[PDB]
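Q: Here you go, start-v1.pdb (PDB, N, CA and C atoms):
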ATOM      1  N   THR H   1       0.829  -1.193   0.000  1.00  0.00           N
ATOM      2  CA  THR H   1       0.000   0.000   0.000  1.00  0.00           C
ATOM      3  C   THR H   1       0.873   1.257   0.000  1.00  0.00           C
ATOM      4  N   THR H   2       1.525   1.485  -1.131  1.00  0.00           N
ATOM      5  CA  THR H   2       2.391   2.643  -1.273  1.00  0.00           C
ATOM      6  C   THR H   2       2.903   2.752  -2.712  1.00  0.00           C
ATOM      7  N   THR H   3       3.290   1.607  -3.256  1.00  0.00           N
ATOM      8  CA  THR H   3       3.799   1.561  -4.616  1.00  0.00           C
ATOM      9  C   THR H   3       2.654   1.336  -5.606  1.00  0.00           C
ATOM     10  N   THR H   4       3.032   1.052  -6.844  1.00  0.00           N
ATOM     11  CA  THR H   4       2.053   0.814  -7.890  1.00  0.00           C
ATOM     12  C   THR H   4       1.548  -0.629  -7.830  1.00  0.00           C
ATOM     13  N   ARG H   5       0.321  -0.774  -7.354  1.00  0.00           N
ATOM     14  CA  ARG H   5      -0.287  -2.089  -7.238  1.00  0.00           C
ATOM     15  C   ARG H   5      -1.586  -2.146  -8.043  1.00  0.00           C
ATOM     16  N   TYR H   6      -2.153  -3.342  -8.108  1.00  0.00           N
ATOM     17  CA  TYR H   6      -3.391  -3.545  -8.841  1.00  0.00           C
ATOM     18  C   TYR H   6      -4.411  -4.308  -7.993  1.00  0.00           C
ATOM     19  N   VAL H   7      -5.222  -3.547  -7.273  1.00  0.00           N
ATOM     20  CA  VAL H   7      -6.239  -4.136  -6.419  1.00  0.00           C
ATOM     21  C   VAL H   7      -7.446  -4.535  -7.273  1.00  0.00           C
ATOM     22  N   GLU H   8      -8.167  -5.536  -6.789  1.00  0.00           N
ATOM     23  CA  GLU H   8      -9.341  -6.021  -7.495  1.00  0.00           C
ATOM     24  C   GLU H   8     -10.538  -5.106  -7.224  1.00  0.00           C
ATOM     25  N   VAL H   9     -11.013  -4.476  -8.289  1.00  0.00           N
ATOM     26  CA  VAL H   9     -12.148  -3.575  -8.181  1.00  0.00           C
ATOM     27  C   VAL H   9     -13.045  -3.743  -9.409  1.00  0.00           C
ATOM     28  N   UNK H  10     -14.288  -3.204  -9.290  1.00  0.00           N
ATOM     29  CA  UNK H  10     -15.247  -3.289 -10.378  1.00  0.00           C
ATOM     30  C   UNK H  10     -15.212  -4.681 -11.011  1.00  0.00           C
ATOM     31  N   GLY H  11     -14.967  -5.674 -10.169  1.00  0.00           N
ATOM     32  CA  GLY H  11     -14.904  -7.050 -10.633  1.00  0.00           C
ATOM     33  C   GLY H  11     -13.830  -7.218 -11.709  1.00  0.00           C
ATOM     34  N   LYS H  12     -12.693  -6.580 -11.469  1.00  0.00           N
ATOM     35  CA  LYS H  12     -11.584  -6.650 -12.406  1.00  0.00           C
ATOM     36  C   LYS H  12     -10.289  -6.269 -11.686  1.00  0.00           C
ATOM     37  N   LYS H  13      -9.975  -4.983 -11.739  1.00  0.00           N
ATOM     38  CA  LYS H  13      -8.772  -4.480 -11.100  1.00  0.00           C
ATOM     39  C   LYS H  13      -8.670  -2.971 -11.332  1.00  0.00           C
ATOM     40  N   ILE H  14      -7.580  -2.401 -10.839  1.00  0.00           N
ATOM     41  CA  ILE H  14      -7.350  -0.974 -10.985  1.00  0.00           C
ATOM     42  C   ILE H  14      -5.981  -0.619 -10.402  1.00  0.00           C
ATOM     43  N   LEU H  15      -5.360   0.386 -11.003  1.00  0.00           N
ATOM     44  CA  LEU H  15      -4.051   0.832 -10.555  1.00  0.00           C
ATOM     45  C   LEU H  15      -4.224   1.931  -9.506  1.00  0.00           C
ATOM     46  N   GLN H  16      -3.308   1.941  -8.549  1.00  0.00           N
ATOM     47  CA  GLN H  16      -3.347   2.931  -7.486  1.00  0.00           C
ATOM     48  C   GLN H  16      -1.988   3.622  -7.355  1.00  0.00           C
ATOM     49  N   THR H  17      -2.025   4.834  -6.820  1.00  0.00           N
ATOM     50  CA  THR H  17      -0.810   5.608  -6.634  1.00  0.00           C
ATOM     51  C   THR H  17      -0.981   6.603  -5.485  1.00  0.00           C
ATOM     52  N   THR H  18      -1.690   6.157  -4.459  1.00  0.00           N
ATOM     53  CA  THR H  18      -1.936   6.995  -3.298  1.00  0.00           C
ATOM     54  C   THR H  18      -0.851   6.772  -2.242  1.00  0.00           C
ATOM     55  N   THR H  19      -0.677   7.778  -1.396  1.00  0.00           N
ATOM     56  CA  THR H  19       0.319   7.705  -0.341  1.00  0.00           C
ATOM     57  C   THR H  19      -0.215   8.345   0.942  1.00  0.00           C
ATOM     58  N   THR H  20       0.508   8.112   2.026  1.00  0.00           N
ATOM     59  CA  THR H  20       0.120   8.656   3.316  1.00  0.00           C
ATOM     60  C   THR H  20       1.304   9.366   3.975  1.00  0.00           C
TER      61      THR H  20
END
Could I get this file's structure written as structure tokens?
A:
Amino acid sequence: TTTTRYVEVXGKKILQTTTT
């Protein structure tokens, strides 16, 4: 939960690029 990952969403996936 920091780098470029691909979580399962909308019954598929999606790229993330959020940070804390």
Q: Padding 8 Å on each side, edges along x, y and z: where is the centre of the box around the listed atoms of stretch 2-19 of chain H, and how long are its edges in Å to one decimal? Output it as AutoDock Vina command-line options.
A:
--center_x -5.7 --center_y 0.6 --center_z -5.7 --size_x 35.0 --size_y 31.6 --size_z 29.3
Q: Which polymer residues, whether protein, DNA or RNA, lie within 6.5 Å of the coordinate (-4.4, 2.7, -9.9) when you count only N, CA and C atoms? List them as a list in words, using the chain letters and numbers from the file.
A: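 I get residues 5, 6, 14, 15, 16 and 17 of chain H for the residues within 6.5 Å of that point.
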Q: Those selected residues, please, written with N, CA and C atoms and delivered as an mmCIF file, keeping the file's coordinate frame.
A:
data_model
loop_
_atom_site.group_PDB
_atom_site.id
_atom_site.type_symbol
_atom_site.label_atom_id
_atom_site.label_comp_id
_atom_site.auth_asym_id
_atom_site.auth_seq_id
_atom_site.Cartn_x
_atom_site.Cartn_y
_atom_site.Cartn_z
ATOM 1 N N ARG H 5 0.321 -0.774 -7.354
ATOM 2 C CA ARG H 5 -0.287 -2.089 -7.238
ATOM 3 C C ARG H 5 -1.586 -2.146 -8.043
ATOM 4 N N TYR H 6 -2.153 -3.342 -8.108
ATOM 5 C CA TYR H 6 -3.391 -3.545 -8.841
ATOM 6 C C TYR H 6 -4.411 -4.308 -7.993
ATOM 7 N N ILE H 14 -7.580 -2.401 -10.839
ATOM 8 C CA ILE H 14 -7.350 -0.974 -10.985
ATOM 9 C C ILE H 14 -5.981 -0.619 -10.402
ATOM 10 N N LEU H 15 -5.360 0.386 -11.003
ATOM 11 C CA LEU H 15 -4.051 0.832 -10.555
ATOM 12 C C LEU H 15 -4.224 1.931 -9.506
ATOM 13 N N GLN H 16 -3.308 1.941 -8.549
ATOM 14 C CA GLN H 16 -3.347 2.931 -7.486
ATOM 15 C C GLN H 16 -1.988 3.622 -7.355
ATOM 16 N N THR H 17 -2.025 4.834 -6.820
ATOM 17 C CA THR H 17 -0.810 5.608 -6.634
ATOM 18 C C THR H 17 -0.981 6.603 -5.485
#
Q: On this structure, the PyMOL selection byres (((chain H and resi 19 and name CA) around 6) and name CA) would catch which residues? List them as a VMD selection string, sorted by chain and number.
A: chain H and resid 2 18 20
Q: I need the residues of chain H that end up classed as strand (DSSP E or B) by DSSP on the backbone, written out as a list in words.
A: residues 6, 7, 14 and 15 of chain H
